[PDB]
Amino acid sequence: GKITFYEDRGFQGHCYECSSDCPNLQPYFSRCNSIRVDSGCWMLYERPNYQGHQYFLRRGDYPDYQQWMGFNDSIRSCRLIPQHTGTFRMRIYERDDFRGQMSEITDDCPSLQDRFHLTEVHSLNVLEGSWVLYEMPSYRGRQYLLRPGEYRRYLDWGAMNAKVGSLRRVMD
């Protein structure tokens, strides 16, 4: 994977090229107002150690931070997301700790409201592949990376509430 961070918009100013996970990008650049992703699927984070607002980016040019639905120009850590192939799989649950009704999801869902008549998910279990959870339908709003593993409370994917609008498999 290869991603380049620019301090100013329109691919101007001090920049930095990255090809791996980095838990603290501050030793390399101070702010980010545009990005070129040459390859790889990336999750970017507002704060060091993969904290704060999260943003999903794939190959392409992003001339302003609005293009990754940014809240501000802070990008201080990043993950190169492993690219799974074949069946992605996750189980979603109505209640904490894998309780309540369970639904299995093995494809993209642009509206959990349309598919399940749900506005919230309170726990989920990611069995295969990485995913991005979105606050709003059609892959909009706040974003949260779901790697394989257990998420027994919504707090575990970094959200401040259980609102879930859409879910996307991380694919190139």
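Atom set for the values below is all heavy atoms of this structure, side chains included, hydrogens, waters and symmetry mates excluded. Numbers for residues simply follow the sequence, beginning at 1.
Both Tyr144 and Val121 are members of a single hydrophobic cluster when ILVMFWY side chains are connected at heavy-atom separations under 4.5 Å. Taken together through direct or relayed side-chain contacts under 4.5 Å among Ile, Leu, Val, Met, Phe, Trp and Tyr, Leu155 and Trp131 form part of one hydrophobic cluster. Placement of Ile105 and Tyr154 within a single hydrophobic cluster is found when ILVMFWY residues are connected by side-chain heavy-atom separations under 4.5 Å, directly or transitively. Connection of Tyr28 to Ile75 is established within a shared hydrophobic cluster, with ILVMFWY side chains joined at heavy-atom distances below 4.5 Å, either directly or through further cluster members. Residues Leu57 and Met136 do not share a hydrophobic cluster, defined by chaining ILVMFWY side chains whose heavy atoms lie under 4.5 Å apart.
In terms of heavy atoms, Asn72 sits closest to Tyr55 at N-OH, 4.3 Å. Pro63 and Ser34 get closest at one heavy-atom pair: O-CB, 3.5 Å. When every heavy atom of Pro148 is checked against every heavy atom of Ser130, the shortest pair comes out as CD-OG, 3.8 Å. Of all the heavy atoms in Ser77 and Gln51, the pair that sits closest is OG-N, 4.3 Å. Closest approach of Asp156 and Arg152 over heavy atoms only: OD2-N, 3.1 Å. The minimum heavy-atom distance between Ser111 and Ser166, with the atom names listed, is N-CB, 4.4 Å.
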Chi angles and distances behind the side-chain hydrogen bond (donor to acceptor under 3.5 Å, both in side chains) call for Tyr45, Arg79: CA-CA 8 Å; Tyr45 300 83; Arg79 286 186 165 122; 3.0 Å; yes
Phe88 vs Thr106, side-chain contact (heavy atoms from CB on, under 4.5 Å): CA-CA, chis, key distance, verdict: CA-CA 5 Å; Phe88 290 69; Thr106 51; 5.9 Å; no
Derivation and outcome, side-chain contact (heavy atoms from CB on, under 4.5 Å), residues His122 and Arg153: CA-CA 6 Å; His122 273 83; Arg153 315 284 171 105; over 6 Å; no
Evaluation steps, side-chain contact (heavy atoms from CB on, under 4.5 Å), between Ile35 and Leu44: CA-CA 11 Å; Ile35 293 175; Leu44 309 183; 3.4 Å; yes
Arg59 vs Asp172, salt bridge (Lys or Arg N to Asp or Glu O under 4.0 Å): CA-CA, chis, key distance, verdict: CA-CA 8 Å; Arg59 293 182 183 174; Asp172 222 317; 3.8 Å; yes
Verdict with reasoning, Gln83 to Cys41, per side-chain contact (heavy atoms from CB on, under 4.5 Å): CA-CA 7 Å; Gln83 266 155 70; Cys41 296; 3.9 Å; yes
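No side-chain heavy atom of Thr4 sits less than 4.5 Å from a side-chain heavy atom of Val37. Contact annotation: the side chain of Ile3 never approaches that of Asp38 to less than 4.5 Å [non-hydrogen atoms, C-beta and beyond]. With contacts defined as side-chain heavy-atom distances shorter than 4.5 Å, the pair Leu146/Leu167 qualifies. Residues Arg99 and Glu94 have side chains not in contact (no heavy-atom distance under 4.5 Å, counting atoms from C-beta outward). Contact annotation: the side chain of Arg31 approaches that of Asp8 to within less than 4.5 Å [non-hydrogen atoms, C-beta and beyond]. At a threshold of 4.5 Å between non-hydrogen side-chain atoms, the residues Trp157 and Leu133 count as touching. Annotation: side chain of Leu124 is not in contact with side chain of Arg91 (no heavy-atom distance under 4.5 Å). Counting heavy atoms from C-beta outward, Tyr139 and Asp108 have side chains that approach closer than 4.5 Å.
Going from atom CZ of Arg142 over to atom CD of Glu135 covers 6.0 Å, rounded to the nearest 0.5 Å. In this structure, CG on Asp61 lies 10.5 Å from CD on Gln67, to the nearest 0.5 angstrom. The line from CZ of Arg95 to CD of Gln101 is 11.5 Å long, rounded to the nearest 0.5 Å. Of the inter-residue distances, the one linking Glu128 atom CD with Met90 atom CE reads 13.0 Å to the nearest 0.5 angstrom.
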Check: residues 16-25 side-chain donor-acceptor pairs under 3.5 Å, at least two apart:
{"residue": "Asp21", "atom": "OD1", "partner": "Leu80", "partner atom": "N", "Å": "2.7"}
{"residue": "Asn24", "atom": "OD1", "partner": "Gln26", "partner atom": "N", "Å": "3.1"}

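Under the ring-ring contact (aromatic ring centres under 6.0 Å, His included) criterion, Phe5 pairs with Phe29, sequence neighbours left out. Residues passing the ring-ring contact (aromatic ring centres under 6.0 Å, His included) test with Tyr151: none are found, sequence neighbours excluded.
Ring geometry, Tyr6 versus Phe11: the interplanar angle exceeds 60°, so the pair is classed perpendicular (tilted spans 30 to 60°). Classification of the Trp68-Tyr65 ring pair by plane angle, with boundaries at 30° and 60°, yields tilted.
Under a 4.0 Å N-O distance rule, the pair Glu104/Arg89 qualifies as a salt bridge. Salt bridge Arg115/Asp107: present, at least one basic N to carboxylate O contact under 4.0 Å. Note on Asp73 versus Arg9: no salt bridge recorded, every NZ/NE/NH1/NH2 to OD/OE distance being 4.0 Å or above.
Under a cutoff of 6.0 Å and an axis angle of 45°, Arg168 and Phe56 do not form a cation-pi pair.
Counted by atom type alone, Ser138 and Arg140 present zero donor-acceptor pairs between their side chains at under 3.5 Å. Checked by atom type, the side-chain pair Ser30/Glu7 shows a donor-acceptor distance below 3.5 Å.
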